[PDB]
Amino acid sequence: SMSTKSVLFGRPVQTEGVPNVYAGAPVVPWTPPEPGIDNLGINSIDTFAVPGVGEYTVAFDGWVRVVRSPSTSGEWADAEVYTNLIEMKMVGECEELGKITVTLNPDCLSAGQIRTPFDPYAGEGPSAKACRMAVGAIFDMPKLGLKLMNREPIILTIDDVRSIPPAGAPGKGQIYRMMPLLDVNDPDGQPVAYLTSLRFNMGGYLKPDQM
């Protein structure tokens, strides 16, 4: 494999020789872009269930860096783009759980793709694409003295994709009822908590000093 990661959640994408894209760069709709690493803002709302203890909803803000493969075509209708999520930092705060910092698990390749869906029956603009990303994350919860991780990838989706990157777009975590979160120090143990829902919005390109 082209990846050194121990667990791959999708297709590896090269970053060497791929330029970073920052604020100032246009987002042109319906246009397959040249390969780049998108430096993008993001916010989310995450709900966590702690068995026998409680359920907590936490708002997060931060950024992601996502490398894109070259498009498989210069024509939008045929174009596919493969992505890797290569760096993240999101922060949120909560009285009960403290300050939570979400980053990537270095043992996992977080990977996704953008392509025409097989079920274009959702009211999306004509020709719009579907974006997905499968993520291995770390949830640092210092107030609880814990760091948590997921073995099952968190599936994050953006529908009605009319530009790449889909700046400004709303997305969802596809979690059916519960997603186990494991103590990094006891990953073969019982889950410590469950992520029960996640919604997010993409922002736009950031300046380097905003990260």
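When you see a residue number, it is the position in the sequence shown, counting from 1.
The mean C-alpha temperature factor is higher for 50-58 when 50-58 and 160-168 are set side by side. The stretch with the higher mean CA B factor, choosing between 188-196 and 19-27, is 19-27. Each of 93, 80, 124, 87 has a CA temperature factor in the record; the biggest one is found at 93. The PDB entry assigns its highest CA temperature factor, among 136, 117, 112, 74, to 74. Placement of the Cα temperature factor of residue 132 within the chain: lowest third of the modelled residues, per the deposited record. In this PDB entry, residue 41 carries a Cα temperature factor that places it within the lowest third of its chain's modelled residues. Among all modelled residues in this chain, the alpha-carbon of residue 70 has a temperature factor (C-alpha) in the middle third. The PDB entry assigns residue 147 a C-alpha temperature factor belonging to the middle third of its chain's modelled residues.
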